[PDB]
Structure formats: C-alpha cells, structure tokens
Amino acid sequence: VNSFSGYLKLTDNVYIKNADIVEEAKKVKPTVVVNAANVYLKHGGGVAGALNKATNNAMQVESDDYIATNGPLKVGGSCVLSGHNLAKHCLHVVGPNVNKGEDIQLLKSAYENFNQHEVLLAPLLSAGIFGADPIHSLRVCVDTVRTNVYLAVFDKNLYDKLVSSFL
Ligand SMILES: Nc1ncnc2c1ncn2[C@@H]1O[C@H](COP(=O)(O)OP(=O)(O)OC[C@H]2O[C@H](O)[C@H](O)[C@@H]2O)[C@@H](O)[C@H]1O
C-alpha cells in the first residue's frame, strides 16, 4: 500500500492527478517512477530534466554509466535504474519522437514495459516535446497497461481536457 492520494479513477487500473511527478515521487517514494526518456538517456527537459534535477544530477551520472556499458535504448524500449532520492527504481521508457518522424505505433510498445511492474508513478509518454497527441498517449496507456499506474499530469489545462475525454 502506497500513500498516493487525490487521484481520479479512469479505469480498474489507471488513475490520474494534476500534479508534478517530482512532487508526487518525493511525497510517495514509490517503488517505480517512470521517466519519459530518449534513447541516449540525455535528461534535458520535461519529466526527465525535472527528475534528474531533483536527484542533483545523480540520475544523469548513473545514466552515463549505463550507456557506456550497454549503448542506447531502443525506441519503445526501457531500462530499470535507481530512483535515487525519489523512488526505489526509475523505469526509463522511450516513447517515439513523432516530431522527428518516429512511428507513433511504437508508443504501444513503450507502454508495454509498464506491465513488468505491479505499481508505477508515470507521465504521459511522448505527449510533450516528442509531439504525440496527449489524449492519444492516454488512450494507449489505458488500452495497453494492465498493472496499476498513477499518472501525474503537470499541466492543469491539459489535465482538465483529458479527464473529460472518452477513453
Ligand atoms: N514535472 C512534470 N510532471 C508531470 N508531467 C510533466 C512534467 N514535465 C512535463 N510533463 C508532461 O509529461 C508529458 C511528457 O512530456 P516530456 O517530458 O516532454 O516527454 P516526451 O516523451 O514527450 O519527450 C521525451 C523527451 O523529453 C525530455 O526532454 C527527455 O529527455 C526526452 O528527450 C507531457 O504531457 C508534459 O506536459
């Protein structure tokens, strides 16, 4: 049992809140926080940059070692690294960068990684700088993830739209 509070129920297993994922992670200290990564684990902005800053760059230092050993992730792929001061683990997941021509269908493959974890605190993959339609990312999440996922949506206007859209 985790201390997640104030979430709206979307489905049996998907919950959503208008919150900063960093603040949710700090408060709840979940087993798994999801990062919306790129294949290089170069955590520059959005969720990744905010998570990394909250770790005082430890996430990036760890990621640099991961890449030196293993090379880049696949689009749609993932790796499990430490959650540092935020969570036990961070699941770094790469959605497609639709703005750079990557196939939106890979967003389903990206969300499938969530099924390897019983409970996750997560963002909407690809819905920010990667350019996927946010409601589409939410619908793929709902239709793909079967484990318990707590979605933190930073943007108030976006949240208000998402929660009054069909799934
Ligand atoms: N602190 C936050 N808390 C919750 N949601 C957030 C936060 N910040 C942004 N969002 C929302 O989270 C959603 C995802 O936005 P993005 O983080 O851009 O992820 P992507 O998968 O599209 O792009 C990946 C790149 O982003 C990084 O630069 C990486 O290093 C990658 O290169 C949007 O709805 C945001 O409003």
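Output the residues belonging to region 139-154 that are within 11 Å of the ligand (Cβ to nearest atom) and either free of Cβ contacts under 8 Å to residues at least 60 places away in the same chain or touching a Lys or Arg at 6+ places or on another chain (Cβ under 9 Å) (or both). Steps first, answer last, please.
Here is the first cut: in region 139-154, the ones within 11 Å of the ligand (Cβ to nearest atom) are 151-154.
The answer is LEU151, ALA152, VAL153.
Identify all residues within region 36-66 that are in a loop (DSSP other than H, G, I, E, B), near the ligand (Cβ under 10 Å from one of its atoms) and without any contact (Cβ under 8 Å) to a residue 40 or more places away in the chain; write none if there are none.
Filtering region 36-66 down to residues in a loop (DSSP other than H, G, I, E, B) leaves 38-45, 55-57.
Subsequent filtering for residues that are near the ligand (Cβ under 10 Å from one of its atoms) retains 38-45.
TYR40, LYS42, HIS43, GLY44 - these are the residues of region 36-66 that are in a loop (DSSP other than H, G, I, E, B), near the ligand (Cβ under 10 Å from one of its atoms) and without any contact (Cβ under 8 Å) to a residue 40 or more places away in the chain.
Among the residues of region 143-161, which ones are farther than 20 Å from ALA37 by Cα and assigned to a helix (DSSP H, G or I)?
To start, the set of residues in region 143-161 that are farther than 20 Å from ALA37 by Cα comprises 143, 146-148, 156-161.
Scanning region 143-161 gives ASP143, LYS156, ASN157, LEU158, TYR159, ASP160, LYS161.
Mind telling me which of the residues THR69, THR31 ends up being in contact (Cβ under 8 Å) with a residue 40 or more places away in the chain, more than 14 Å from the ligand (Cβ to nearest atom), among the hydroxyl-bearing types (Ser, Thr, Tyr) and more than 25 Å from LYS161 (Cβ to Cβ)? Show your work before the answer.
Working: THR69 fails: in contact (Cβ under 8 Å) with a residue 40 or more places away in the chain.
Checking each option against the conditions leaves just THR31.
So which residues in region 81-99 are surrounded by fewer than 22 Cβ atoms within 10 Å (Cβ to Cβ), of a type in the set (A, V, I, L, M, F, W, C) and touching a residue at least 24 places away in the same chain (Cβ under 8 Å)?
At the first step, the residues of region 81-99 found to be surrounded by fewer than 22 Cβ atoms within 10 Å (Cβ to Cβ) are 81-82, 84-85, 88-89, 97-99.
After this cut, where a residue has to be of a type in the set (A, V, I, L, M, F, W, C) as well, the list is 81, 98.
Result: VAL98, single match.
Kindly provide the set of residues from region 122-132 that are more than 13 Å from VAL33 (Cα to Cα) and surrounded by 17 or more Cβ atoms within 10 Å (Cβ to Cβ), ordered by number.
Taking region 122-132 as the starting set, the residues that turn out to be more than 13 Å from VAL33 (Cα to Cα) are 126-132.
Correct list: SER126, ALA127, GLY128, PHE130, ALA132.
Taking region 4-35 as the region of interest, how many residues are part of a loop (DSSP other than H, G, I, E, B) and of a type outside the set (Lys, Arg)?
Filtering region 4-35 for residues part of a loop (DSSP other than H, G, I, E, B) gives 4-7, 10-13, 19-20, 29-31.
Add one more test, that the residue is of a type outside the set (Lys, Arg), and what stays is 4-7, 10-13, 19-20, 30-31.
Total meeting the criteria: 12.
Can you report the number of residues in region 100-113 which are surrounded by fewer than 23 Cβ atoms within 10 Å (Cβ to Cβ) and within 15 Å of the chain's Cα centre (by Cα)? Explain how you work it out, then say what you get.
Initial filter on region 100-113 (surrounded by fewer than 23 Cβ atoms within 10 Å (Cβ to Cβ)): 100-106, 108-109, 112-113.
Subsequent filtering for residues that are within 15 Å of the chain's Cα centre (by Cα) retains 106, 108-109, 112-113.
Result for region 100-113: 5.
Based on what the data block shows, is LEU124 within 19 Å of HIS43 (Cα to Cα), touching a residue at least 24 places away in the same chain (Cβ under 8 Å), among the hydrophobic types (A, V, I, L, M, F, W, C) and assigned to a loop (DSSP other than H, G, I, E, B)?
Values: within 19 Å of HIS43 (Cα to Cα): yes; touching a residue at least 24 places away in the same chain (Cβ under 8 Å): yes; among the hydrophobic types (A, V, I, L, M, F, W, C): yes; assigned to a loop (DSSP other than H, G, I, E, B): yes.
When the stated conditions are applied, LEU124 passes them.
Which of the following residues is surrounded by fewer than 23 Cβ atoms within 10 Å (Cβ to Cβ), within 13 Å of the chain's Cα centre (by Cα), touching a residue at least 24 places away in the same chain (Cβ under 8 Å) and under 26 Å from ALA54 (Cβ atoms): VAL75, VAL119?
Working: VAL75 fails: within 13 Å of the chain's Cα centre (by Cα).
The unique qualifying residue is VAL119.
Every residue, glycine among them, receives a Cβ derived from its backbone with ideal geometry; neighbour counts consider all protein chains shown. FYI, it's all coordinate maths here, none of it is from the lab.
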